[PDB]
Amino acid sequence: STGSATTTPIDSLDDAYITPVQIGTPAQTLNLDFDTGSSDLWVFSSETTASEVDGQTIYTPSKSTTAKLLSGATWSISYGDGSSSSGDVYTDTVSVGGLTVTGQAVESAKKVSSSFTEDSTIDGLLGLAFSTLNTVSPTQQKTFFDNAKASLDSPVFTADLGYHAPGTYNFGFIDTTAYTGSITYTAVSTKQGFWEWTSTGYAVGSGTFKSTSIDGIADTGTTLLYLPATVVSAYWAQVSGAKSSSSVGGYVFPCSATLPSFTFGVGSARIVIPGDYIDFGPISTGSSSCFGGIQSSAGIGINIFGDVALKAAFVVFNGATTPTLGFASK
C-alpha cells in the first residue's frame with residue numbers, strides 16, 4: 001500500500017504545516033501537525049477541557065463505531081518549546097492520504113497548554129519519530145508509520161515541505177519526479193528515539209564550505225534551524241545590523257536586509273537554504289526588527305534541522321531495519 005497527502009502551512013511564515021487525517025467511522029477529519037520529532041498521535045477531542053478549546057476541530061470517539069477505549073492507558077507529553085498535553089487513549093481507524101491503519105492509538109487530550117489552545121489551525125499532532133518515545137502508559141503504543149510499515153510497498157515516508165506553499169507527505173514510495181539530481185543517504189542513530197544524523201558541514205552565502213560534523217535531528221515539528229552557536233554567529237555576522245537579543249529570545253536582523261543563503265552538508269552533497277527561507281518577519285506587528293530562521297541550539301541540548309532546513313530538500317525517512325535519512329535538492 002501507499003498514501004499521499006498534501007501538507008499546508010498554517011500561516012504566511014510557515015510556522016508549521018497541517019495535514020488532513022481521517023479518524024474513525026464515519027471519518028472525522030482533523031488537521032494534524034506531522035512531527036518527526038515526537039511519537040504520539042494526539043488530538044483535540046470531546047474530552048478536552050472546554051476552556052482549552054478555541055476553534056479546533058475535535059475528535060468525538062462516541063460518534064465513531066470503530067473507536068474502543070484503551071482501558072487504563074494515559075499519556076502526557078512536553079515538547080521542546082515548553083508546551084504540553086495529556087489525556088486518555090482510544091484505538092480507532094486512521095487514514096492518511098488513502099493509507100489506512102486499523103487499531104491505531106489515538107490519544108485524546110483532556111488537557112492542553114495555552115500554546116495549543118491559542119493555535120486554532122492545529123487539531124493535534126501525528127508523531128513520526130521512533131515508537132520508543134511514545135508516552136502512553138502502561139503499554140507504550142506504536143506510531144502511525146510503525147503500524148503501517150509492514151503493509152507499505154517500501155518501509156519509507158517522505159517529507160516535501162513547501163516554502164510559503166503546500167507540499168506533500170508520502171508513505172510507502174519515493175516520488176522520483178519530486179526532486180532534482182540524486183538522493184544522498186546518511187546514517188541514523190535511533191539511540192535517543194529521533195531521526196538523528198550527522199551533517200558534514202556548512203557554508204554561509206557564497207563562502208567556502210566548512211567541513212565539520214554537526215549531529216542533529218530531522219524534525220518536521222520544529223519551525224526553525226537550531227545549530228551550534230559558532231555556526232549561527234558565523235551566519236549572522238554576514239547580515240549588517242544583525243544581533244542576538246536576549247529580550248526577544250534570539251537573533252534578530254533589520255527587516256531591510258537581504259539575507260544570505262545557508263548550505264548544509266549531507267555526505268558529499270549540499271543542500272542550499274535560500275536567504276528568504278531564513279526571514280521570519282517582524283518580531284511584533286509593525287516592527288522593523290525581523291526574527292531570524294537560524295538560531296542557536298545552545299541550551300536545547302541538541303541541534304535541530306527543523307522546517308527551515310527540511311523545506312529546502314526532498315527528505316526520505318527510511319524505516320528499514322537499519323534506518324537512514326535521504327536528502328535531495330528540489
# chains A, B, ... in the order shown; residues from 1 in each chain; ligands from 1
>>> select_by_dssp(residues="stretch 65-173 of chain A", states="strand (DSSP E)", output="PyMOL selection string")
chain A and resi 68-78+84-96+99-112+124-127+156-160+167-171
>>> select_by_dssp(residues="stretch 167-282 of chain A", states="alpha helix (DSSP H)", output="short mmCIF file (atom, residue, chain, number, x, y, z; two decimals) with C-alpha atoms, in the first residue's frame")
data_model
loop_
_atom_site.label_atom_id
_atom_site.label_comp_id
_atom_site.auth_asym_id
_atom_site.auth_seq_id
_atom_site.Cartn_x
_atom_site.Cartn_y
_atom_site.Cartn_z
CA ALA A 229 26.48 28.96 18.50
CA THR A 230 29.69 29.10 16.44
CA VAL A 231 27.83 28.28 13.20
CA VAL A 232 24.96 30.64 13.93
CA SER A 233 27.32 33.51 14.79
CA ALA A 234 29.18 32.97 11.51
CA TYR A 235 25.85 33.19 9.61
CA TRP A 236 24.52 36.35 11.27
#
>>> closest_atom_pairs(of="stretch 33-117 of chain A", to="stretch 138-141 of chain A", cutoff="8 Å", atoms="only C-alpha atoms", output="CSV")
residue,atom,partner,partner_atom,distance
A:72,CA,A:138,CA,7.7
A:73,CA,A:138,CA,6.2
A:74,CA,A:138,CA,7.5
A:105,CA,A:141,CA,6.5
>>> residues_around(residues="residue A:253", least_positions_apart="3", cutoff="10 Å", atoms="only C-alpha atoms", output="list in words")
residues 236, 239, 240, 241, 242, 243, 244, 245, 256, 257, 258, 259, 279, 281, 282, 283, 288, 289, 290, 291 and 292 of chain A
>>> residues_around(residues="stretch 267-276 of chain A", least_positions_apart="4", cutoff="10 Å", atoms="only C-alpha atoms", output="mmCIF file with C-alpha atoms, in the first residue's frame")
data_model
loop_
_atom_site.group_PDB
_atom_site.id
_atom_site.type_symbol
_atom_site.label_atom_id
_atom_site.label_comp_id
_atom_site.auth_asym_id
_atom_site.auth_seq_id
_atom_site.Cartn_x
_atom_site.Cartn_y
_atom_site.Cartn_z
ATOM 1 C CA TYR A 163 8.228 27.443 1.069
ATOM 2 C CA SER A 182 20.078 12.137 -6.775
ATOM 3 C CA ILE A 183 19.110 11.381 -3.167
ATOM 4 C CA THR A 184 22.082 11.203 -0.789
ATOM 5 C CA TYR A 185 21.517 8.858 2.130
ATOM 6 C CA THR A 186 23.167 9.225 5.504
ATOM 7 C CA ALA A 187 23.289 7.141 8.696
ATOM 8 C CA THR A 198 25.398 13.978 11.239
ATOM 9 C CA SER A 199 25.722 16.803 8.745
ATOM 10 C CA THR A 200 29.163 17.117 7.155
ATOM 11 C CA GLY A 201 29.383 20.901 7.395
ATOM 12 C CA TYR A 202 28.091 24.255 6.254
ATOM 13 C CA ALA A 203 28.619 27.364 4.183
ATOM 14 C CA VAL A 204 27.284 30.907 4.544
ATOM 15 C CA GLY A 205 26.190 32.552 1.308
ATOM 16 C CA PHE A 209 32.352 25.205 2.825
ATOM 17 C CA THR A 258 18.903 40.844 2.182
ATOM 18 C CA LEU A 259 19.744 37.506 3.817
ATOM 19 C CA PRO A 260 22.481 35.199 2.523
ATOM 20 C CA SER A 261 21.769 31.560 1.823
ATOM 21 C CA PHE A 262 22.906 28.809 4.174
ATOM 22 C CA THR A 263 24.252 25.495 2.902
ATOM 23 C CA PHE A 280 10.510 35.073 9.919
ATOM 24 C CA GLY A 293 15.254 31.497 10.996
ATOM 25 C CA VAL A 308 13.732 25.979 7.612
ATOM 26 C CA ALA A 309 16.237 23.293 6.623
ATOM 27 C CA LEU A 310 13.906 20.478 5.612
ATOM 28 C CA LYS A 311 11.751 22.587 3.286
ATOM 29 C CA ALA A 312 14.845 23.200 1.131
ATOM 30 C CA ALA A 313 15.011 19.442 0.411
ATOM 31 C CA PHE A 314 13.103 16.338 -0.517
ATOM 32 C CA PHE A 327 18.175 14.295 1.163
ATOM 33 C CA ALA A 328 17.795 15.616 -2.369
ATOM 34 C CA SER A 329 17.611 19.103 -3.806
ATOM 35 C CA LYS A 330 14.337 20.054 -5.469
#
>>> closest_residue(among="A:162, A:216, A:207, A:98", to="residue A:13", atoms="only C-alpha atoms")
A:162
>>> atom_distance(atom1="atom CA of residue A:122", atom2="atom CA of residue A:101")
21.5 Å
>>> closest_residue(among="A:40, A:123, A:33, A:11", to="residue A:78", atoms="only C-alpha atoms")
A:40
>>> closest_residue(among="A:94, A:128, A:161, A:77", to="residue A:315", atoms="only C-alpha atoms")
A:161
>>> closest_residue(among="A:219, A:47, A:88, A:118", to="residue A:193", atoms="only C-alpha atoms")
A:219
>>> closest_residue(among="A:152, A:159, A:320, A:112", to="residue A:3", atoms="only C-alpha atoms")
A:152
>>> closest_residue(among="A:130, A:305, A:169, A:277", to="residue A:214", atoms="only C-alpha atoms")
A:305
>>> atom_distance(atom1="atom CA of residue A:215", atom2="atom CA of residue A:197")
5.7 Å
>>> residues_around(residues="stretch 19-32 of chain A", least_positions_apart="6", cutoff="10 Å", atoms="only C-alpha atoms", output="compact mmCIF listing (two decimals) with N, CA and C atoms, in the first residue's frame")
# COMPACT_ATOMS: atom_id res chain seq x y z
N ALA A 5 -0.54 12.62 1.00
CA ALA A 5 -1.36 13.71 1.50
C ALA A 5 -0.63 15.04 1.34
N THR A 6 -1.40 16.07 1.02
CA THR A 6 -0.87 17.42 0.95
C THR A 6 -0.75 18.02 2.34
N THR A 7 0.36 18.71 2.58
CA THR A 7 0.58 19.42 3.83
C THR A 7 0.65 20.91 3.53
N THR A 8 0.03 21.73 4.39
CA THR A 8 -0.23 23.13 4.08
C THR A 8 0.27 24.02 5.23
N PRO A 9 1.01 25.09 4.92
CA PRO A 9 1.43 25.98 6.02
C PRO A 9 0.25 26.58 6.76
N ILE A 10 0.37 26.73 8.07
CA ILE A 10 -0.72 27.27 8.88
C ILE A 10 -0.84 28.79 8.77
N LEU A 41 0.35 10.30 18.56
CA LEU A 41 -0.72 10.83 17.74
C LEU A 41 -1.79 11.26 18.73
N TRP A 42 -1.91 12.57 18.94
CA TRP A 42 -2.89 13.08 19.90
C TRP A 42 -3.75 14.14 19.24
N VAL A 43 -4.98 14.24 19.72
CA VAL A 43 -5.98 15.12 19.14
C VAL A 43 -6.78 15.87 20.19
N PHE A 44 -7.18 17.08 19.82
CA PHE A 44 -8.26 17.76 20.50
C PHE A 44 -9.49 16.87 20.38
N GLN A 56 -10.53 24.73 17.34
CA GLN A 56 -10.03 23.48 16.77
C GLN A 56 -11.18 22.56 16.44
N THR A 57 -10.95 21.67 15.48
CA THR A 57 -11.86 20.58 15.22
C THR A 57 -11.54 19.47 16.19
N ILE A 58 -12.57 18.88 16.77
CA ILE A 58 -12.38 17.84 17.78
C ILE A 58 -12.76 16.46 17.27
N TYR A 59 -12.08 15.45 17.81
CA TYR A 59 -12.43 14.06 17.64
C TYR A 59 -13.42 13.67 18.74
N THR A 60 -14.54 13.08 18.34
CA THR A 60 -15.53 12.60 19.30
C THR A 60 -15.61 11.07 19.20
N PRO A 61 -14.92 10.35 20.11
CA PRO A 61 -14.89 8.89 19.97
C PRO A 61 -16.27 8.24 20.03
N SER A 62 -17.20 8.83 20.77
CA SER A 62 -18.52 8.24 20.94
C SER A 62 -19.31 8.22 19.63
N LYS A 63 -18.88 9.02 18.65
CA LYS A 63 -19.54 9.05 17.35
C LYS A 63 -18.87 8.15 16.32
N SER A 64 -17.82 7.45 16.74
CA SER A 64 -17.10 6.52 15.87
C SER A 64 -17.41 5.08 16.24
N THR A 65 -17.92 4.32 15.27
CA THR A 65 -18.32 2.95 15.52
C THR A 65 -17.13 2.02 15.67
N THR A 66 -15.94 2.51 15.32
CA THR A 66 -14.73 1.70 15.39
C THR A 66 -13.81 2.10 16.55
N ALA A 67 -14.20 3.13 17.29
CA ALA A 67 -13.44 3.58 18.46
C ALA A 67 -13.62 2.60 19.61
N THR A 91 -8.31 3.28 20.61
CA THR A 91 -7.84 2.78 19.33
C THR A 91 -8.93 3.03 18.30
N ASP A 92 -8.54 3.33 17.07
CA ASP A 92 -9.51 3.60 16.02
C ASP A 92 -8.81 3.48 14.67
N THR A 93 -9.60 3.56 13.61
CA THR A 93 -9.09 3.54 12.26
C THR A 93 -8.61 4.92 11.87
N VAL A 94 -7.38 4.99 11.36
CA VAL A 94 -6.77 6.27 10.98
C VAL A 94 -6.26 6.14 9.56
N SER A 95 -6.61 7.10 8.71
CA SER A 95 -6.17 7.11 7.33
C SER A 95 -5.49 8.42 7.00
N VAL A 96 -4.38 8.31 6.29
CA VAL A 96 -3.62 9.45 5.79
C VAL A 96 -3.45 9.28 4.29
N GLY A 97 -4.03 10.20 3.53
CA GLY A 97 -3.85 10.19 2.10
C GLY A 97 -4.14 8.86 1.44
N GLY A 98 -5.17 8.16 1.91
CA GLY A 98 -5.55 6.88 1.32
C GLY A 98 -4.95 5.65 1.97
N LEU A 99 -4.00 5.84 2.87
CA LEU A 99 -3.36 4.75 3.61
C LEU A 99 -4.06 4.59 4.95
N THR A 100 -4.55 3.38 5.22
CA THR A 100 -5.37 3.12 6.40
C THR A 100 -4.68 2.18 7.37
N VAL A 101 -4.66 2.59 8.64
CA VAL A 101 -4.24 1.73 9.74
C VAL A 101 -5.43 1.47 10.65
N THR A 102 -5.72 0.20 10.93
CA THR A 102 -6.72 -0.12 11.94
C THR A 102 -6.02 -0.32 13.29
N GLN A 104 -5.08 1.92 15.44
CA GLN A 104 -4.12 2.96 15.77
C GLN A 104 -4.46 3.60 17.12
N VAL A 106 -5.07 6.51 19.27
CA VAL A 106 -5.46 7.90 19.13
C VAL A 106 -5.57 8.45 20.54
N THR A 121 -5.55 26.49 14.23
CA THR A 121 -5.35 25.75 12.98
C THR A 121 -4.82 24.33 13.17
N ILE A 122 -4.34 24.01 14.36
CA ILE A 122 -3.75 22.70 14.63
C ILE A 122 -4.65 21.89 15.57
N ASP A 123 -5.18 20.78 15.06
CA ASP A 123 -6.14 19.94 15.79
C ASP A 123 -5.46 18.81 16.57
N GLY A 124 -4.14 18.74 16.47
CA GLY A 124 -3.36 17.74 17.16
C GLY A 124 -2.06 17.45 16.43
N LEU A 125 -1.33 16.44 16.91
CA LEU A 125 -0.04 16.06 16.34
C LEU A 125 -0.08 14.61 15.90
N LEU A 126 0.68 14.31 14.86
CA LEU A 126 0.90 12.94 14.43
C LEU A 126 2.40 12.69 14.43
N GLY A 127 2.85 11.96 15.45
CA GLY A 127 4.26 11.70 15.64
C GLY A 127 4.84 10.69 14.68
N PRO A 166 1.96 24.85 -0.29
CA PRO A 166 1.74 23.46 0.13
C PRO A 166 2.83 22.51 -0.35
N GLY A 167 2.92 21.38 0.33
CA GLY A 167 3.83 20.31 -0.01
C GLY A 167 3.15 18.97 0.20
N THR A 168 3.95 17.93 0.37
CA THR A 168 3.45 16.57 0.37
C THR A 168 4.18 15.67 1.38
N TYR A 169 3.40 14.83 2.06
CA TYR A 169 3.91 13.67 2.78
C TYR A 169 3.47 12.43 2.02
>>> atom_distance(atom1="atom CA of residue A:304", atom2="atom CA of residue A:149")
25.3 Å
>>> residues_around(residues="stretch 154-156 of chain A", least_positions_apart="2", cutoff="7 Å", atoms="only C-alpha atoms", output="PyMOL selection string")
chain A and resi 149+152+158+171-173+316-320
>>> write_last_selection(atoms="C-alpha atoms", output="mmCIF file, in the first residue's frame")
data_model
loop_
_atom_site.group_PDB
_atom_site.id
_atom_site.type_symbol
_atom_site.label_atom_id
_atom_site.label_comp_id
_atom_site.auth_asym_id
_atom_site.auth_seq_id
_atom_site.Cartn_x
_atom_site.Cartn_y
_atom_site.Cartn_z
ATOM 1 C CA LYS A 149 5.185 -0.218 7.792
ATOM 2 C CA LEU A 152 3.735 -0.401 2.737
ATOM 3 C CA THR A 158 8.972 11.310 2.592
ATOM 4 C CA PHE A 171 4.068 6.900 2.651
ATOM 5 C CA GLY A 172 5.452 3.745 1.090
ATOM 6 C CA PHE A 173 7.075 5.132 -2.060
ATOM 7 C CA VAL A 316 13.373 10.389 2.806
ATOM 8 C CA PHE A 317 12.738 8.851 6.189
ATOM 9 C CA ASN A 318 13.836 5.272 5.554
ATOM 10 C CA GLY A 319 12.400 2.931 8.189
ATOM 11 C CA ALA A 320 14.170 -0.194 7.002
#
